[PDB]
Amino acid sequence: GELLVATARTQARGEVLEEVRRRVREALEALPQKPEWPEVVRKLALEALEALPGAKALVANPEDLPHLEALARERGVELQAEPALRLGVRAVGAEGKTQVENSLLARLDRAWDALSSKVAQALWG
Amino acid sequence: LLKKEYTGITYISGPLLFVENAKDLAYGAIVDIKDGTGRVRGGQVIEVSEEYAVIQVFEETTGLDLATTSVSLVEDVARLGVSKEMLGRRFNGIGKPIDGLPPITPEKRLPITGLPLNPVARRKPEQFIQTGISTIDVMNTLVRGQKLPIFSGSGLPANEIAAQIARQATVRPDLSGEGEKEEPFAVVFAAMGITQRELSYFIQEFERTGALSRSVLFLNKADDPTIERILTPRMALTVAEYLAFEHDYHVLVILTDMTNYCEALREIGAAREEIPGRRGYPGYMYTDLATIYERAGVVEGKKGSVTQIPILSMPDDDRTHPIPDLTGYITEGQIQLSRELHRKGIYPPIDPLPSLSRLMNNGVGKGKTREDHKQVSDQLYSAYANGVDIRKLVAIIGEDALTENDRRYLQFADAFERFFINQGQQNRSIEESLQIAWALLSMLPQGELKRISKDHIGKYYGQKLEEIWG
Amino acid sequence: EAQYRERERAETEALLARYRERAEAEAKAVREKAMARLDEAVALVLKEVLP
Amino acid sequence: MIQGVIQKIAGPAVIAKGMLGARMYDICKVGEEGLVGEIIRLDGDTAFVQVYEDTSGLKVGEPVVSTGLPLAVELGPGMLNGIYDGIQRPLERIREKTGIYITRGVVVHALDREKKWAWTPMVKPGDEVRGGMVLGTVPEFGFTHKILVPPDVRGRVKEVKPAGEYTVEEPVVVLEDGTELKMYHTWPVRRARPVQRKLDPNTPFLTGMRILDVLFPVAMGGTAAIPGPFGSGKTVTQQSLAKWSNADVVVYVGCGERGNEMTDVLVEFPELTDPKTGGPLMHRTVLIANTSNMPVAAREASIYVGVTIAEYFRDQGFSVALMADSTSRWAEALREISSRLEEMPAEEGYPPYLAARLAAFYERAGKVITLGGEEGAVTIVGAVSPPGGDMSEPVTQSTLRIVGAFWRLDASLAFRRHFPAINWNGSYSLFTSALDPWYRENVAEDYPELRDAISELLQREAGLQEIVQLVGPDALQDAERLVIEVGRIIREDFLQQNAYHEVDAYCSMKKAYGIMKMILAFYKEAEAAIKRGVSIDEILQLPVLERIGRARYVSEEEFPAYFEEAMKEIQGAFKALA
Amino acid sequence: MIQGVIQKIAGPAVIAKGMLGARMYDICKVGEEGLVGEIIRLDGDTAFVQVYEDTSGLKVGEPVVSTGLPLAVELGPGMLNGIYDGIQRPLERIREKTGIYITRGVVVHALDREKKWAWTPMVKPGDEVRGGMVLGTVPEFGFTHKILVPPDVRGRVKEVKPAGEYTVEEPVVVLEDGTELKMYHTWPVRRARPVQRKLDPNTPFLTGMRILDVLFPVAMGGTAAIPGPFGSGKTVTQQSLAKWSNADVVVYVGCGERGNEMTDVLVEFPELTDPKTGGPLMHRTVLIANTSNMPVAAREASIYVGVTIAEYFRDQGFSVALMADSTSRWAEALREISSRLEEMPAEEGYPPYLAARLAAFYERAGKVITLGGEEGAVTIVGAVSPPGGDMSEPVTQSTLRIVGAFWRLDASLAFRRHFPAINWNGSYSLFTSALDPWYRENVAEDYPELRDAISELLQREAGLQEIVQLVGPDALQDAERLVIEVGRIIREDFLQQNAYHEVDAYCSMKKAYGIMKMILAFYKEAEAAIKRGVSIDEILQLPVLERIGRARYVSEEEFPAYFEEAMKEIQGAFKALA
Ligand SMILES: Nc1ncnc2c1ncn2[C@@H]1O[C@H](COP(=O)(O)OP(=O)(O)O)[C@@H](O)[C@H]1O
Ligand SMILES: Nc1ncnc2c1ncn2[C@@H]1O[C@H](COP(=O)(O)OP(=O)(O)O)[C@@H](O)[C@H]1O
Ligand SMILES: [Mg+2]
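Residues numbered from 1 in each chain as written, not as in the entry; some residues may be left out. Chains lettered and ligands numbered in written order. Part of a larger assembly, values for the part shown. Heavy atoms only, no water. Residues with missing side-chain atoms left out of burial classes, pairs and counts.

Our focus in this paragraph is the interface of chain B and chain E. Listed by partner, the interface residues are 72 residues for chain B and 72 residues for chain E. Applying the counting rule to chain B against chain E returns ten salt bridges. Where B:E50 meets E:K17, a salt bridge forms, and the shortest distance between an N and an O atom there is 2.5 Å. Our enumeration of links across chain B and chain E arrives at 31 residue pairs in polar contact. Ranked by the residues each element gives to the side of chain B that touches chain E, the list is headed by helix α10 (residues 373–397) of chain B, at eight residues. Grouping the amino acids of the side of chain B that touches chain E by side-chain chemistry returns 35 nonpolar, 14 polar and 23 charged. Note that strand β5 (residues 40–49) of chain B and strand β1 (residues 3–9) of chain E share two bridges and pair antiparallel. Looking at the pairing, B:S49 lines up with E:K8 of β1(E). (Contact = heavy atoms within 4.5 Å. Salt bridge = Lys/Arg side-chain N within 4 Å of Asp/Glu carboxyl O. Polar contact = N/O pair within 3.5 Å; in protein donor to acceptor, adjacent residues only side chain to side chain. Helix = DSSP H or I, 4+ residues; strand = E, 2+ residues; numbered from the N terminus. Nonpolar A, V, L, I, M, F, W, Y, C, P; charged D, E, K, R; others polar. Pairing = 2+ DSSP bridges.)

Here it is in structure tokens:
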């Protein structure tokens, strides 16, 4: 019975953390319909191009194509647009065998460990 | 952070693959591998250079082609997400849970290889444990903080002995003189290549004694991939060190079948063309077994403890093989099972001669269990070794040509094997075991008992076997 | 033996029912505690994900 | 589709260039004849094909064509009463196609695509099907071959073709995804077929012998291993397991051993009769042959084909018995391809992953409940052939850690023509503690204690025989000689079985229990009569000792009327004793 | 200095490039954390570096900064009552800085830079100093730690700081040139310290254990080697030598062994009392501790730091013991690092320079007269751990050549708890002819004849062992049976010694001389009494055997008052016997 109540409590906590994950998923899904989207695209694209030493090309959205246009015609970087990459940018570095993706859902998936470790003690402490 | 993919795998064979143009991968880093079907395998980086990099792959190597299968980076050093609400859960070899419950919320991220413990910041393993087994209580005493494995064969019941120790090990607080609380044991159960029958026995034993609310299991079945066996004991002992030294539990670690771990590292060390030690096992197997075993014991000023019981399957049931030999060089003591006593019908089949607890002298004696204990142990060993080496003399001159006291040793031997070793599933405390040892020592007169002092032999001698039970 | 068998059945059922009820109460209580406390943390994760 | 050419040929190794994007462990048609090989060691733009056929006469530049699918068996109706080779093509269709010799690279379909099978559906249109769920049934021989959804297919049934008769490639259930479900399906042999839950084995695998079910039993989901040098049985015991068992179907996979055994099984099975449903014995055996003169890289695949077929008949509700014959020859095949691939050996040439491959083979046996709800089991008996006797081998000590029953054969005990040559002092079982309630409800009530008395008599005689070889039969006291005589009656009545006699080839649990009661009644009532003043040289020459000794030659129907009269004779031939 | 970048990381091995101008066996700061490494195999413009911590999280491109010096110890006041790791970092300071886990990249000084010392000088301004000459004097735990001119330092003293309290950094002697001489100096670990002359050894190293000091002795300038299997008695013997021997200082080198058996030495040595003084036992020991889970490349450094610290205390006039356990772990560490060098090995896998390393290690002992004129000694007791239990290994049969005083531990005497498990048949000592006049002067005059008679009785026992194991303990005559029973009483009452009883852990050789004199008096008078004719097994039932048996338990204070009574009881019991 003690194992039953402990599994009940942890399985109740899991769906709460999952729906908070869904809320931040919709928060950064309905985010490009907002004028701070070119600013955040320029910021994360410059972070991807600087964390990749000497890139060659960049892959983005067509709608996200002009918003880094000032960074397009400097650094000597090729540009390309794809609709599959709905979020974030991609940087192909100097040969085609090294690639840096900077999607928003990707950043959520990378940082969600320490994010959840702070979220649980934030909303349960 | 940001996704860092590496295309350009040059070579894939066995457990290894090579990725070129890979400089931001660190040594010891963790990579994951995505093929064209979305299946994400894991792997660890084990050689880095400006030309290429070498990855050991933690799963099967089916469907990995070279035109695809990007290699991405995660956890620049290999870590494990550890928590305190981890004590009713099951995990696979990498640490992903297989119980239906959601993954845990990590309270820390500890490095999975584990740093070595400072010899100044240790503490003597001191406190007597009792395991209800008369051999491991009177003759080869386990104490809290010790690393003692069970050296066994192939048909021998080492798993039943480990489960019996796990279900009846209790410290004795009243004989020790530290008061009383009866703090029970958390159990960390790492298992590497348990088939289905051993796993069924262990989980039925744990759920029958009510221990799966105190235990955490890192399971690795026989058909699971044979490279995650390298990470299984290290992430078991990461959780054990966490629970003992940052929450002050009393963790007992059952490390099943270390011979499968050693053959897994033989596989990954023969994939890399490395010069071996003895019988094909690589030269650094001493260092790997040391970095696993030596992560146990007690520290100073802190309430915790990591006690270790590994289990070894000796291949040709000999002490000479590199796996049990190097194991016995790192660890402190062994409990060695004998096939010679198992065919006679004796459980637990422990012959006391090759088995030895090293630091028994820190947990026995006056004011800890009882003042006669070490001398009783020495006299039991002397008299039973006389019985064992007089059986050969009986075998080469026949039965009737014996002096008296030689038949008395020959009767001490089988009375020992049929009454002191041979018990059932019964839990016998240290007083029943000491009075059965004294009742067997009463079969020999004074003057042969030249290792027990005179006050002990004056106040304990003189009880037969018809008074220790009926 | 019949007496202790029926006593085992009655006591085990009467204790397991209270365990089920305490489990349901604990799950509903932790959900209602977590729901009103929410939307503080979504700003935290949305601030730390974004550059 | 990837089509490259050959770069290098060395034995069965074909290093092929131009293979870029070729997945590992695929099946590729190497050579312009259509040779079957499997891709390992990707290196740059270059594969490494182990071919599963002969490899002579290939030139450099011939096309290798990768198919992009792993090694997969066809699983459906048309398999029982079947002989296959190591890549599942039937040998009888080959000899009716080619000749009496096994030529190189002939393509046939593993199932018969002109056999007309009677369909009877069990899924009405509109239902939802998961993996492993039964769609319908086919009457095969005397069995009921239920066909089932592949384990990676989930959907809703759009249409069902009605209850007629069809070919195995006729799409009988079209799901509402476009997916047609046929009567057969292909499955990769290195992937274990999934289950719902693995149970615990609690019902013995009745081998029909007397030393391999009484003293050392294997349960229904158990694993067993038979070592032993040459001339020590090891083939008649495997064929006795294949003949006289309680298993529903038998997959007899023989890799690396001689072909006279294969033609012996093919000749003398259709004349016999299994004692379960009647009809021929061959209508439940699927036998896979890879003879030692046949190619050597294919006996690796033979084992996986055999255990996948056993798992297929396990996933329907049966109780399969797989006899895997000379897995040491499979270890030699792995040694061959490992040394051809330039790998480091470990302990006499075998690759370091040998124990891992061997554990992944023996782990597939088990007592499970399938995905269709029904329960099934598959047991594995692996004959291992260590070279010089010498049980310290890598293959033997690697298979010894995982199996649950170890049946050691001797060479000193098969030179007295004491068959079966199982060493009763050195073999062991681990299913004895689990099969005790089945014994107490299905053979006797005091059956485990009678067995333990037999075992301790054998242990006592074994300990006593060395001082007999010291001093002779003189200085034995009086009971020291009666232990020897009862032990010899045991090892010449109970622990000895002909398998060529008509009636002493099968032995149910009742007949072995009756012989055990006769032996222990003789010992119990003669040791109590040896202390009322009877010579040991009188107790042996009774006419009832022959009635014990020939008790293993009576039928299963004559035996209870023989047993109660023999108990009357044993109880009455000691009352007149003086 | 010599800047390079990391090119390749594989295990505890870093290839750097751009290091052109670096020398062999230097020290490198590898990485941004500043890990300590050592250059072996420089080629082209690269350098292979073995790192003395673990590399995990390093990556290519990180800089390597060379130093230009080999590995050097700091030698000065402040090493007694101290524990260091393999590169001489004091571990108590590391526990103060870090927590309970030993981290990498931490930097501490070996000697305390904050502790004051009580300098009193011996040189005056206007003196001539050569290397090894004393300068002053500092107290250290009662020890008179005298401060030496470093070797290869010659000059004339300009000024000397007056007597007072000073730190170790303060230049206490400024020479006529610009040279200043602090209280410490660094010294490499592969250049053995210079010396004036090497004496021949004529004074035993008193262990305290009876067998290792009577039958197989060690001179004060001699080496000794104790091999044996696991569980035989190596580490308990070496802690007994660390606990009871007559060394002025003791250097204990844990080279790749347990941490619990260094925690034992840290905890229970301050509770004890050093003989020859009154201060505690921890105040005379230095403790180098490179345990098993510490990084493997530091074990060579750990085995050299101990021998150069022992040479430093030799150069002050002390008599140093060096207990180095597990030189085979240093051999295994060399094997693991030679695997990264992709070299070709000798037998068993070890690199071929192993016995040159062992000869250069064991040759650094041996009773010298130092550069300062006064005499000192280092005596090295080395534990060898044979891998298979067999003493037929490239380490064991190399130390077996280059050592005297070999002490072989068998497992058969350790299965039965007969400690110490010294195999008498496989042990020797080459010093029994050099310690003879010291025995005749400082033990008794008839001591070595008594020792040789003990040795020939053990030889006669080991000669009769063939016959008594073939035929039996009976069918001997009475003299041979008396020899076998006297051999039993020697092995149980003189050789056996448990190292946990209060009395009988230490044994002066007056006491061992008394025990041997009693056993020989018993043997010769029983032999004379059995030639004229008395029964055997009434001499085995005499009550003086209790006196000879308990003779090793009585204290050394009342040992003459026990010895005279026991000897008179021997003659009286044999006189009243007839
Ligand atoms: N000389 C001795 N006196 C008393 N007990 C001993 C002695 N030598 C060994 N023992 C017992 O056996 C154990 C042997 O340990 P140790 O010698 O360290 O093994 P190894 O030498 O293989 O490292 C000790 O812990 C102790 O219990
Ligand atoms: N086929 C292989 N691929 C990659 N590495 C290998 C292969 N065969 C051997 N090795 C490893 O390469 C290492 C060679 O060491 P080396 O390159 O000289 O210096 P470092 O160890 O610093 O890289 C050996 O440790 C060996 O284990
Ligand atoms: Mg040791």
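It is worth spelling out the site of ligand 2 at this point. What surrounds ligand 2 is the set B:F18, B:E47, B:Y52, B:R272, B:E273, E:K8, E:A10, E:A13, E:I15, E:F48, E:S339 and E:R340. Around ligand 2, the neighbouring residues derive from chains B and E rather than from a single chain. Between ligand 2 and B:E47, the relevant distance is 3.2 Å, taken from a nitrogen atom to a side-chain nitrogen or oxygen of the residue. One of the backbone nitrogen or oxygen atoms of B:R272 is found 3.3 Å away from an oxygen atom of ligand 2. Expressed as a share of its isolated accessible area of 570 Å², the protein-covered part of ligand 2 is 78%. Of all the elements in the fold, those that place two or more residues in the shell around ligand 2 are β2 (13–17) and α6 (327–340) of chain E. (Near = heavy atom within 4 Å. Areas by Shrake-Rupley, 256 points an atom, 1.4 Å probe, with all protein chains shown as cover.)

Bringing the packing of helix α5 (residues 232–245) of chain B against helix α7 (residues 285–293) of chain B into the picture now. Residues and elements named next belong to chain B. At their nearest, the axes of α5 and α7 sit 9 Å apart, and the two run at 25 degrees to each other. Classified by the interaxial angle, the pair formed by α5 and α7 is roughly parallel. Along its contact with α5, which presents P233, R234 and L237, the element α7 presents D288, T291 and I292. Of the residues belonging to the contact of α5 with α7, the class tally is three nonpolar, one polar and two charged. (Axes fitted to C-alpha atoms, helices over the stretch in contact; angles between N-to-C directions. Parallel < 35°, antiparallel > 145°, perpendicular 65-115°, else oblique.)

Before going further, it helps to examine unusual backbone geometry. Residue B:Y347 is joined to B:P348 through a cis peptide bond whose omega torsion reads -5 degrees. By the secondary structure assignment, B:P348 is in the loop between α9 (339–342) and β21 (356–357). A cis amide bond, omega 0 degrees, links D:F419 with the succeeding residue D:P420. Note that D:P420 resides in the loop between β27 (405–406) and β28 (428–429). For E:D537, which is not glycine, the phi dihedral falls at a positive 70 degrees. A relative accessible area of 46% places E:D537 in the partly exposed class. (Buried < 20%, exposed > 50% of the residue type's maximum accessible area, 1.4 Å probe, protein only.)

This part is about the site of ligand 1. In the region of ligand 1, the neighbouring residues are B:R358, E:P229, E:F230, E:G231, E:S232, E:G233, E:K234, E:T235, E:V236, E:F419, E:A499 and E:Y500. Chains contributing residues to the immediate surroundings of ligand 1 are chains B and E. Contact between ligand 1 and E:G231: an oxygen atom at 2.5 Å from a main-chain N or O atom of the residue. At 3.5 Å, a side-chain N or O of E:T235 approaches an oxygen atom of ligand 1. The fraction of the free accessible surface of ligand 1 (550 Å²) that becomes covered by protein chains is 92%. Of the residues contributing to the shell around ligand 1, the split by class is six nonpolar, four polar and two charged.

Annotation from UniProt places "binding site: Ca(2+)" (unreviewed entry) at C:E48. The topology assignment puts C:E48 in helix α2 (residues 41–49). Ignoring any residue separated from it by four or fewer positions in sequence, one finds C:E48 in contact with A:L115 and A:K118. (UniProt positions renumbered as here; feature names shortened; annotations may be inferred.)

All names here are of chain E. With respect to the secondary-structure elements, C255 resides in strand β20 (residues 249–257). Residue classification places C255 among the buried residues on the basis of a relative accessible area of 0%. Through-space distance from the C-alpha of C255 to that of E300 is 8.4 Å; in sequence the pair is 45 residues apart. In contact with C255, not counting residues within four places along its chain, are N290, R299, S302, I303, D325, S326, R329 and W330.

Counting buried positions along helix α7 (residues 354–362) of chain D yields seven of nine residues, so the element is predominantly enclosed. If you check which residues of α7(D) are buried, you get D:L354, D:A355, D:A356, D:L358, D:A359, D:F361 and D:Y362.

Summed over the entire model, instances satisfying the criterion amount to 38 aromatic pairs over all chains. Ring plane angle 35 degrees and centroid distance 5.0 Å describe the contact between B:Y11 and B:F18, whose orientation is recorded as tilted. Judged by its relative accessible area of 13%, B:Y11 is buried. When its relative accessible area of 22% is taken as the criterion, B:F18 is described as partly exposed. Connected via pairs of aromatic rings, a cluster forms that spans B:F189, B:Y201, B:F202 and B:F206. Above the plane of the ring of D:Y350 lies D:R335, whose end atom (NZ or CZ) is 5.1 Å from the centre. (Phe/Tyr/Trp six-rings, centres within 6.5 Å; stacked < 30°, edge-to-face > 60°. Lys NZ or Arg CZ within 6 Å of the ring centre and 35° of its normal.)

As a further point, take the interface of chain B and chain A. Facing 20 residues of chain B, the contacting portion of chain A comprises 23 residues. Interface area, chain B with chain A, both sides summed: about 2,000 Å², of which 50% is carbon and sulfur. It is B:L1, B:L2 and B:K3 in chain B that bury the most area against chain A; as a group they hold 27% of the surface buried on that side. At the junction of chain B with chain A, the criterion picks out four salt bridges. With a shortest N-O distance of 2.7 Å, B:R109 and A:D113 are connected by a salt bridge. The interface formed by chain B and chain A holds nine residue pairs in polar contact in total. Going through the elements one at a time, β1 (3–6) and β7 (70–74) of chain B are the ones with two or more residues in the side of chain B that touches chain A. Looking at which element gives the most residues to the side of chain B that touches chain A, the answer is β1(B), with four residues. (Buried area = accessible area lost by both parts, 1.4 Å probe.)

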